[PDB]
Each structure stands twice: as C-alpha cells, then as structure tokens.
$ cat protein.txt   # compact mmCIF, C-alpha atoms (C1' of nucleotides) and all ligand atoms
# COMPACT_ATOMS: atom_id res chain seq x y z
CA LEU A 207 2.34 -99.66 -47.75
CA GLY A 208 1.40 -96.03 -48.14
CA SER A 209 1.37 -94.06 -44.90
CA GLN A 210 4.09 -96.35 -43.57
CA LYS A 211 7.30 -94.67 -42.48
CA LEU A 212 10.40 -94.77 -44.57
CA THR A 213 12.88 -96.96 -42.65
CA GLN A 214 10.01 -99.44 -42.70
CA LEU A 215 11.27 -100.18 -46.20
CA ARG A 216 14.96 -99.50 -45.52
CA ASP A 217 14.89 -102.15 -42.81
CA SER A 218 13.14 -104.57 -45.15
CA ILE A 219 15.30 -104.50 -48.28
CA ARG A 220 17.28 -107.73 -48.28
CA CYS A 221 20.73 -106.97 -49.68
CA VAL A 222 23.76 -109.16 -49.10
CA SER A 223 25.90 -106.08 -48.47
CA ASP A 224 24.30 -106.11 -45.01
CA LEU A 225 25.71 -109.55 -44.20
CA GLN A 226 29.35 -109.18 -45.22
CA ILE A 227 31.95 -109.85 -42.53
CA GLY A 228 34.97 -107.57 -42.45
CA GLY A 229 38.63 -108.28 -41.98
CA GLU A 230 40.89 -111.00 -43.32
CA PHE A 231 41.07 -114.40 -41.64
CA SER A 232 44.15 -115.88 -43.31
CA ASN A 233 46.26 -116.45 -40.20
CA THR A 234 43.46 -118.10 -38.24
CA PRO A 235 40.06 -118.78 -39.78
CA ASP A 236 38.43 -119.60 -36.46
CA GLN A 237 38.26 -115.97 -35.32
CA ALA A 238 35.10 -114.68 -33.73
CA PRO A 239 33.25 -113.34 -36.79
CA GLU A 240 33.36 -109.56 -36.72
CA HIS A 241 29.88 -108.05 -36.59
CA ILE A 242 28.10 -108.28 -39.92
CA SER A 243 28.12 -105.05 -41.88
CA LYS A 244 24.49 -104.56 -40.85
CA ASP A 245 25.70 -103.49 -37.41
CA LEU A 246 28.84 -101.53 -38.23
CA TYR A 247 27.68 -99.14 -40.96
CA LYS A 248 24.10 -98.31 -40.07
CA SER A 249 23.81 -95.33 -42.39
CA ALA A 250 21.68 -95.28 -45.54
CA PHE A 251 19.54 -92.90 -47.53
CA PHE A 252 16.77 -92.77 -50.09
CA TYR A 253 16.94 -90.20 -52.86
CA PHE A 254 13.50 -89.24 -54.18
CA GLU A 255 13.48 -86.37 -56.67
CA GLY A 256 16.04 -83.98 -55.24
CA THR A 257 15.81 -84.81 -51.53
CA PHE A 258 18.07 -87.17 -49.61
CA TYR A 259 16.00 -88.88 -46.94
CA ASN A 260 18.86 -89.82 -44.62
CA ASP A 261 18.62 -92.56 -42.01
CA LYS A 262 19.85 -90.64 -38.97
CA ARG A 263 17.86 -92.86 -36.60
CA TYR A 264 20.91 -94.37 -34.89
CA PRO A 265 24.10 -92.77 -33.53
CA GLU A 266 26.32 -94.96 -35.71
CA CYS A 267 24.54 -93.38 -38.67
CA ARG A 268 26.35 -90.60 -40.50
CA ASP A 269 25.22 -88.47 -43.41
CA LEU A 270 26.01 -90.40 -46.57
CA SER A 271 24.36 -87.60 -48.53
CA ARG A 272 26.86 -85.04 -47.25
CA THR A 273 29.42 -86.33 -49.73
CA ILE A 274 27.08 -85.89 -52.67
CA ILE A 275 25.79 -82.49 -51.60
CA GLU A 276 29.35 -81.23 -51.17
CA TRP A 277 30.42 -82.78 -54.47
CA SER A 278 27.58 -80.87 -56.11
CA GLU A 279 28.11 -77.63 -54.16
CA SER A 280 31.40 -77.49 -56.04
CA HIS A 281 31.67 -77.03 -59.82
CA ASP A 282 28.25 -77.22 -61.51
CA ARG A 283 27.55 -80.86 -62.32
CA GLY A 284 24.15 -80.87 -63.93
CA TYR A 285 22.51 -81.68 -60.61
CA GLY A 286 21.42 -78.78 -58.41
CA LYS A 287 19.31 -77.73 -55.45
CA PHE A 288 19.63 -80.86 -53.32
CA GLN A 289 17.53 -81.17 -50.18
CA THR A 290 17.77 -83.26 -47.03
CA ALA A 291 15.44 -84.98 -44.59
CA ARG A 292 15.48 -87.54 -41.83
CA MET A 293 13.55 -90.54 -43.22
CA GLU A 294 11.88 -91.19 -39.89
CA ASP A 295 9.81 -88.04 -40.10
CA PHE A 296 8.53 -89.18 -43.49
CA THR A 297 6.13 -91.78 -44.83
CA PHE A 298 5.56 -92.88 -48.39
CA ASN A 299 2.26 -91.04 -48.18
CA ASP A 300 4.13 -87.74 -47.61
CA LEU A 301 6.37 -88.24 -50.61
CA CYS A 302 6.36 -86.33 -53.90
CA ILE A 303 7.64 -88.64 -56.64
CA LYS A 304 7.21 -89.79 -60.21
CA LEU A 305 6.06 -93.27 -61.18
CA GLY A 306 8.33 -95.50 -63.21
CA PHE A 307 11.24 -93.11 -62.74
CA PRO A 308 14.48 -94.38 -61.16
CA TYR A 309 15.41 -93.02 -57.73
CA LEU A 310 18.13 -94.12 -55.35
CA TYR A 311 18.65 -96.14 -52.19
CA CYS A 312 22.26 -96.12 -51.00
CA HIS A 313 23.37 -98.23 -48.06
CA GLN A 314 26.52 -99.83 -46.69
CA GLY A 315 28.61 -96.98 -48.00
CA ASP A 316 27.95 -97.30 -51.72
CA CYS A 317 25.76 -100.34 -52.27
CA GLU A 318 23.31 -98.52 -54.52
CA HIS A 319 19.89 -99.88 -55.44
CA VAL A 320 17.75 -98.21 -58.08
CA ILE A 321 14.25 -97.69 -56.66
CA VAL A 322 11.32 -97.54 -59.07
CA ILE A 323 7.77 -96.85 -57.89
CA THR A 324 6.02 -98.94 -60.52
CA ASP A 325 2.46 -98.16 -59.49
CA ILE A 326 0.28 -96.96 -56.63
CA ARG A 327 -3.10 -98.52 -55.98
CA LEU A 328 -5.71 -98.51 -53.27
CA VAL A 329 -5.66 -101.71 -51.27
CA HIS A 330 -8.14 -104.35 -52.41
CA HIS A 331 -9.81 -107.06 -50.37
CA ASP A 332 -8.01 -109.98 -52.06
CA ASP A 333 -4.45 -109.08 -51.09
CA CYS A 334 -2.68 -109.27 -47.76
CA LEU A 335 -4.39 -107.18 -45.12
CA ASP A 336 -1.80 -107.20 -42.33
CA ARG A 337 0.68 -104.52 -41.41
CA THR A 338 3.09 -106.64 -39.37
CA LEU A 339 4.37 -108.10 -42.64
CA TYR A 340 3.43 -105.67 -45.30
CA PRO A 341 6.63 -104.27 -46.85
CA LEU A 342 6.57 -107.72 -48.38
CA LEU A 343 8.48 -109.36 -51.19
CA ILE A 344 6.37 -109.87 -54.30
CA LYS A 345 9.28 -110.99 -56.48
CA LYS A 346 12.97 -111.74 -56.03
CA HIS A 347 15.52 -112.81 -58.55
CA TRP A 348 16.85 -116.26 -57.62
CA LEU A 349 20.52 -115.46 -58.23
CA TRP A 350 23.14 -118.09 -58.89
CA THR A 351 25.20 -119.55 -56.06
CA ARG A 352 28.98 -119.74 -56.22
CA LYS A 353 30.46 -123.11 -55.34
CA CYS A 354 33.75 -124.32 -53.95
CA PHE A 355 36.28 -124.28 -56.75
CA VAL A 356 38.00 -127.50 -55.66
CA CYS A 357 34.95 -129.70 -55.22
CA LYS A 358 31.76 -128.41 -56.78
CA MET A 359 29.53 -129.98 -54.13
CA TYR A 360 29.34 -127.20 -51.53
CA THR A 361 28.92 -123.47 -51.69
CA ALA A 362 31.70 -120.98 -51.18
CA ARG A 363 32.32 -119.88 -47.63
CA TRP A 364 35.73 -118.31 -48.28
CA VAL A 365 37.35 -116.20 -50.98
CA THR A 366 41.14 -116.11 -51.16
CA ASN A 367 43.29 -113.59 -53.02
CA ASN A 368 46.97 -113.96 -53.86
CA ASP A 369 46.69 -117.63 -52.98
CA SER A 370 49.84 -119.66 -53.58
CA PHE A 371 47.63 -122.69 -54.28
CA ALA A 372 44.72 -121.30 -56.26
CA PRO A 373 44.73 -121.30 -60.06
CA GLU A 374 42.32 -118.37 -60.24
CA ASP A 375 43.12 -115.23 -58.28
CA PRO A 376 39.84 -114.80 -56.36
CA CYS A 377 39.29 -118.46 -55.54
CA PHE A 378 36.17 -119.51 -53.66
CA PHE A 379 36.21 -122.45 -51.28
CA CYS A 380 33.88 -124.30 -49.00
CA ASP A 381 35.01 -124.78 -45.43
CA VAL A 382 36.35 -128.29 -46.05
CA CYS A 383 38.46 -127.50 -49.11
CA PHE A 384 39.67 -124.32 -47.44
CA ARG A 385 40.86 -126.01 -44.25
CA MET A 386 42.44 -128.82 -46.28
CA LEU A 387 44.46 -126.66 -48.67
CA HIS A 388 45.84 -123.83 -46.55
CA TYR A 389 46.50 -125.11 -43.04
CA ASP A 390 49.15 -127.57 -41.92
CA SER A 391 47.83 -129.24 -38.77
CA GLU A 392 46.91 -126.54 -36.28
CA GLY A 393 46.04 -123.34 -38.15
CA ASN A 394 49.42 -122.13 -39.40
CA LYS A 395 48.74 -120.83 -42.88
CA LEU A 396 50.67 -122.70 -45.55
CA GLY A 397 52.04 -120.50 -48.27
CA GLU A 398 50.72 -116.97 -48.62
CA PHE A 399 47.21 -115.68 -49.23
CA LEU A 400 44.52 -113.31 -48.03
CA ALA A 401 41.41 -115.25 -47.06
CA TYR A 402 38.13 -113.45 -46.45
CA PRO A 403 34.77 -114.89 -45.42
CA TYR A 404 32.40 -115.00 -48.35
CA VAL A 405 28.65 -114.53 -47.98
CA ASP A 406 27.09 -116.14 -51.00
CA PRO A 407 24.83 -113.55 -52.67
CA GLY A 408 22.70 -116.24 -54.26
CA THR A 409 21.85 -117.60 -50.83
CA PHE A 410 21.18 -114.72 -48.43
CA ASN A 411 19.43 -112.73 -51.14
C1' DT B 1 109.56 -109.02 -170.06
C1' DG B 2 108.05 -109.25 -166.18
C1' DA B 3 108.60 -106.37 -161.41
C1' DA B 4 107.31 -103.17 -158.33
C1' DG B 5 104.20 -100.28 -157.95
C1' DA B 6 99.84 -97.32 -160.67
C1' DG B 7 95.25 -96.90 -161.32
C1' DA B 8 90.39 -98.38 -160.64
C1' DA B 9 85.94 -99.91 -159.06
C1' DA B 10 83.71 -102.33 -155.40
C1' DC B 11 82.66 -102.90 -149.95
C1' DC B 12 82.60 -101.27 -144.82
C1' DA B 13 82.75 -99.28 -140.39
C1' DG B 14 82.87 -94.95 -137.90
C1' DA B 15 83.02 -90.01 -136.53
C1' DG B 16 80.84 -86.13 -136.57
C1' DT B 17 75.95 -84.97 -137.27
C1' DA B 18 71.26 -85.01 -136.04
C1' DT B 19 67.79 -85.41 -133.23
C1' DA B 20 65.40 -86.66 -128.97
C1' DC B 21 63.97 -86.61 -124.92
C1' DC B 22 64.73 -85.27 -120.09
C1' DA B 23 65.55 -82.95 -116.46
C1' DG B 24 66.69 -78.21 -114.25
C1' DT B 25 65.12 -74.51 -111.98
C1' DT B 26 62.22 -68.28 -110.62
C1' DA B 27 58.33 -66.53 -109.80
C1' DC B 28 53.85 -66.28 -108.19
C1' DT B 29 50.44 -67.59 -106.16
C1' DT B 30 47.48 -69.90 -102.06
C1' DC B 31 47.06 -71.02 -97.31
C1' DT B 32 47.84 -71.29 -92.94
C1' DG B 33 45.87 -68.76 -87.18
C1' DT B 34 42.54 -65.93 -84.57
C1' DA B 35 38.56 -63.62 -83.98
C1' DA B 36 33.35 -63.49 -84.25
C1' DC B 37 28.27 -64.29 -84.95
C1' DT B 38 25.41 -66.91 -87.88
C1' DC B 39 22.99 -72.05 -89.64
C1' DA B 40 23.06 -76.26 -91.61
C1' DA B 41 25.64 -80.35 -92.86
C1' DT B 42 28.59 -83.91 -91.41
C1' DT B 43 31.43 -86.50 -88.42
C1' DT B 44 32.79 -88.46 -84.16
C1' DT B 45 32.14 -90.58 -80.01
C1' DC B 46 29.93 -92.48 -76.54
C1' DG B 47 26.84 -94.67 -73.08
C1' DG B 48 23.78 -98.02 -73.45
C1' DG B 49 21.07 -101.33 -75.53
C1' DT B 50 20.19 -105.54 -78.57
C1' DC B 51 20.00 -109.81 -80.35
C1' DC B 52 21.95 -114.39 -80.46
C1' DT B 53 24.28 -118.48 -79.63
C1' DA B 54 25.95 -121.18 -75.98
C1' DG B 55 26.44 -122.88 -71.52
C1' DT B 56 24.50 -123.09 -66.46
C1' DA B 57 22.08 -123.79 -62.33
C1' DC B 58 18.53 -126.35 -60.12
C1' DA B 59 14.62 -128.60 -58.86
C1' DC B 60 12.52 -132.66 -60.29
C1' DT B 61 12.04 -137.20 -62.80
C1' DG B 62 12.96 -141.62 -63.88
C1' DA B 63 14.86 -145.57 -63.51
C1' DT B 64 18.43 -148.70 -61.24
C1' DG B 65 20.77 -151.63 -58.57
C1' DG B 66 22.24 -153.82 -54.60
ZN ZN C 1 22.64 -103.39 -50.92
ZN ZN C 2 35.13 -127.75 -51.65
$ encode --input "protein.txt" --output "structure tokens" --more "lines below"
Ligand SMILES: [Zn+2]
Ligand SMILES: [Zn+2]
Amino acid sequence: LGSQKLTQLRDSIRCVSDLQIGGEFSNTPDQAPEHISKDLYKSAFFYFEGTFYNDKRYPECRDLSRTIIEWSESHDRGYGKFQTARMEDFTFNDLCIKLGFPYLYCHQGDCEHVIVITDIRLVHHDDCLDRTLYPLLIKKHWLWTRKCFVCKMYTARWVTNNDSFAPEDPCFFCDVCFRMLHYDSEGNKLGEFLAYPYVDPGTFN
DNA sequence: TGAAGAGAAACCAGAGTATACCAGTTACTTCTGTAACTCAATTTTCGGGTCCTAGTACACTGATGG
C-alpha cells in the first residue's frame, strides 16, 4: 500500500532465511531449538535507487549497508554517491523509484531479494479495502519440498554433512530416519557427522 | 713330321671417364619493443539467456478389494 511505512513490507516478506535454526545438533538432537534467525539477526535494508533504507528499528539491528558503503568508498567500483536512511521514517509514498527496475532487499546477513515495483495504481473498489492485511501476497511460487532420503514419505527435518552413513554428502532426513540411523539407544551419536536442523524452503515459503 | 709355341680374329668385363645431382655455406636483409594519438576492423571473452528434452512433484481421480 502506498503511504504505508517501509518495515510494513520488510516484516511481511516471507523468506525461509528467517526461520533457520543455528548450531549443530549432532551430539544430541533434542536440544532446545536456538531462536530462529528471525530473532537473532534483526537487521535488513532496502536499496531503492542509491539510498539504503536501513532497518535500525531494533537494538539488535546493525547497519548492513555500512559494508557496502565502505566497499564503495574504496577504489571506484562503478557505483557512487550512496545514501542512507532509516526505513521507519519512510513510506512507499515518499519514495523516488523507477518502475520495472530491479532494486534490493537484503536481510539475514546476505539473503538478497530483488525487488521490482511492477506498477502503481490508485486503489479500486473491487480489491481488498483493509489495511490490517494489505501488504498481501498476490502470488507465490509453490517451491518443491525436499524429502527424507531414506524413505521418501516424509519431508526433511535434518541435513547431515560428513555422515558416515549417508551416500550423498548433504543428506536430508526426516525425524524418524534420522533417529534410527545415527543414535544407538540413548542419544550417543553413532559414527561421525554434523547434523543441522533443516527448514524446508518449499514448506515455510 | 709333328711339337711347342706363333699368329689371328672373335668375345667380355672393368677401370678410368663422364656426368649428375646434391648438398654446403656469406651476406643481406627484415623484424622485433616502446612510445603516442588517431579510427576502423576483427577477435576474444564473458555474463546471461535460450530452447529443448526429460524427469518431478502434487493434488486429484478412479477404481479396487477386503
Ligand atoms: Zn530472504
Ligand atoms: Zn525418512
């Protein structure tokens, strides 16, 4: 919605990089899940025609654009004259952009999404008229879902690297086939591996 | 009065002789690099598409059988 703050769209973009759980759970897979990456790395920024609207709303937020502006303040790199902003003092109605031109939305460190303002139109009477739901999803992609590599009946909850049982190197397992292949009777890892929790992108996105 | 050689008119291979190639080398040039601006021609390379054939997921259908 025009005249609707930025960070009203940043908080709406469903990306699975917000739901990834950190750390490795090989020794014991019953650990209290570390906070999803939505909570740990709260920083993000839009880039709209030479101005990094940074999400400095929270204290855990740090300037992701500082890296780029420093990297460009060095040796000339094509780019030049980068700006900054705060993304809570801005609405889409205050923004000076091109249509159909790719801009940036970086979040979770370097999960980059290419933003394209396809068109701008005055609101009609036959579309949604609310605001409580308006940065709303017109279309999404319906990605594929990874499955457990042992039995192809359930989706992958775990991804293991350097597994001394897996044929493939990154091997995805459901919970059942993971518990059954790597753990003797009480949680002592059998063999060697690095198991991480796997958020299926084709499910939470 | 034959004998042991004397003379005579044929072939026959071979040793110089005659060619017959077949290399063996002296000058005498161009062609490098660097520099520069010019302009057009040509190549390279380089990130990304592009089309195509072949599976793949996934919700639904359509029986099927116990
Ligand atoms: Zn993302
Ligand atoms: Zn499984």
$ closest_atom_pairs --input "protein.txt" --of "chain A" --to "chain B" --cutoff "12 Å" --atoms "all atoms listed in the file" --output "CSV"
residue,atom,partner,partner_atom,distance
A:348,CA,B:57,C1',10.3
A:349,CA,B:57,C1',9.4
A:350,CA,B:57,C1',6.7
A:351,CA,B:57,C1',8.2
A:352,CA,B:57,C1',10.1
A:353,CA,B:57,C1',10.9
A:408,CA,B:57,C1',11.1
$ residues_near_ligand --input "protein.txt" --ligand "ligand ZN 1 (chain C)" --cutoff "9 Å" --atoms "only C-alpha atoms (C1' of nucleotides) and all ligand atoms" --output "PyMOL selection string"
chain A and resi 219-224+311-314+316-319
$ residues_near_ligand --input "protein.txt" --ligand "ligand ZN 2 (chain C)" --cutoff "9 Å" --atoms "only C-alpha atoms (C1' of nucleotides) and all ligand atoms" --output "PDB file with C-alpha atoms, in the frame of the given file"
ATOM      1  CA  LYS A 353      30.460-123.110 -55.340  1.00  0.00           C
ATOM      2  CA  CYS A 354      33.750-124.320 -53.950  1.00  0.00           C
ATOM      3  CA  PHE A 355      36.280-124.280 -56.750  1.00  0.00           C
ATOM      4  CA  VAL A 356      38.000-127.500 -55.660  1.00  0.00           C
ATOM      5  CA  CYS A 357      34.950-129.700 -55.220  1.00  0.00           C
ATOM      6  CA  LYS A 358      31.760-128.410 -56.780  1.00  0.00           C
ATOM      7  CA  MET A 359      29.530-129.980 -54.130  1.00  0.00           C
ATOM      8  CA  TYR A 360      29.340-127.200 -51.530  1.00  0.00           C
ATOM      9  CA  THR A 361      28.920-123.470 -51.690  1.00  0.00           C
ATOM     10  CA  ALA A 362      31.700-120.980 -51.180  1.00  0.00           C
ATOM     11  CA  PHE A 378      36.170-119.510 -53.660  1.00  0.00           C
ATOM     12  CA  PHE A 379      36.210-122.450 -51.280  1.00  0.00           C
ATOM     13  CA  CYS A 380      33.880-124.300 -49.000  1.00  0.00           C
ATOM     14  CA  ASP A 381      35.010-124.780 -45.430  1.00  0.00           C
ATOM     15  CA  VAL A 382      36.350-128.290 -46.050  1.00  0.00           C
ATOM     16  CA  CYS A 383      38.460-127.500 -49.110  1.00  0.00           C
ATOM     17  CA  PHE A 384      39.670-124.320 -47.440  1.00  0.00           C
TER      18      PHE A 384
END
$ residues_around --input "protein.txt" --residues "segment 267-273 of chain A" --least-positions-apart "5" --cutoff "8 Å" --atoms "all atoms listed in the file" --output "count of residues only"
10
$ atom_distance --input "protein.txt" --atom1 "atom CA of residue 337 of chain A" --atom2 "atom CA of residue 297 of chain A"
14.3 Å
$ closest_residue --input "protein.txt" --among "A:341, A:407, A:265, A:286" --to "residue 217 of chain A" --atoms "all atoms listed in the file"
A:341
$ atom_distance --input "protein.txt" --atom1 "atom CA of residue 244 of chain A" --atom2 "atom CA of residue 228 of chain A"
11.0 Å
$ atom_distance --input "protein.txt" --atom1 "atom CA of residue 255 of chain A" --atom2 "atom CA of residue 299 of chain A"
14.8 Å
$ residues_near_point --input "protein.txt" --point "(46.8, -119.7, -47.3)" --cutoff "10 Å" --atoms "all atoms listed in the file" --output "ChimeraX atom specification"
/A:231-234,366-372,384-385,387-390,393-401
$ residues_around --input "protein.txt" --residues "residue 207 of chain A" --least-positions-apart "4" --cutoff "10 Å" --atoms "all atoms listed in the file" --output "ChimeraX atom specification"
/A:211-212,214-215,297-299,326-329,337,340-342
$ axis_aligned_box --input "protein.txt" --around "segment 17-30 of chain B" --padding-each-side "5 Å" --output "lines of an AutoDock Vina configuration file"
center_x = 61.7
center_y = -76.5
center_z = -119.7
size_x = 38.5
size_y = 30.4
size_z = 45.2
$ residues_around --input "protein.txt" --residues "residue 241 of chain A" --least-positions-apart "4" --cutoff "7 Å" --atoms "only C-alpha atoms (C1' of nucleotides)" --output "PDB file with C-alpha atoms, in the coordinates of the input"
ATOM      1  CA  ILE A 227      31.950-109.850 -42.530  1.00  0.00           C
ATOM      2  CA  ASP A 245      25.700-103.490 -37.410  1.00  0.00           C
ATOM      3  CA  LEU A 246      28.840-101.530 -38.230  1.00  0.00           C
TER       4      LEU A 246
END
$ closest_residue --input "protein.txt" --among "A:275, A:280, A:345, A:307" --to "residue 257 of chain A" --atoms "all atoms listed in the file"
A:275
$ decode --input "protein.txt" --residues "segment 32-57 of chain B" --atoms "C-alpha atoms (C1' of nucleotides)" --output "tab-separated table (two decimals), in the first residue's frame"
chain	number	residue	atom	x	y	z
B	32	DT	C1'	61.35	-7.40	-33.14
B	33	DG	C1'	59.97	-3.21	-28.24
B	34	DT	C1'	58.24	1.34	-26.76
B	35	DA	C1'	56.08	5.40	-27.35
B	36	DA	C1'	51.92	8.09	-28.99
B	37	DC	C1'	47.45	9.85	-30.96
B	38	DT	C1'	44.27	8.54	-34.38
B	39	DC	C1'	39.87	5.10	-36.43
B	40	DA	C1'	38.05	1.16	-38.09
B	41	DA	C1'	38.23	-3.82	-38.39
B	42	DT	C1'	38.48	-8.05	-36.03
B	43	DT	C1'	38.84	-11.11	-32.26
B	44	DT	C1'	38.09	-12.67	-27.69
B	45	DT	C1'	35.62	-13.36	-23.75
B	46	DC	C1'	32.11	-13.21	-20.89
B	47	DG	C1'	27.73	-12.85	-18.24
B	48	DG	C1'	23.49	-14.20	-19.23
B	49	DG	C1'	19.90	-16.01	-21.76
B	50	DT	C1'	17.51	-19.68	-24.69
B	51	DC	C1'	15.42	-23.51	-26.22
B	52	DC	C1'	14.59	-28.37	-25.57
B	53	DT	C1'	14.16	-32.84	-23.94
B	54	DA	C1'	13.38	-35.29	-19.84
B	55	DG	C1'	12.01	-36.14	-15.31
B	56	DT	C1'	9.32	-34.40	-10.94
B	57	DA	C1'	6.15	-33.01	-7.55
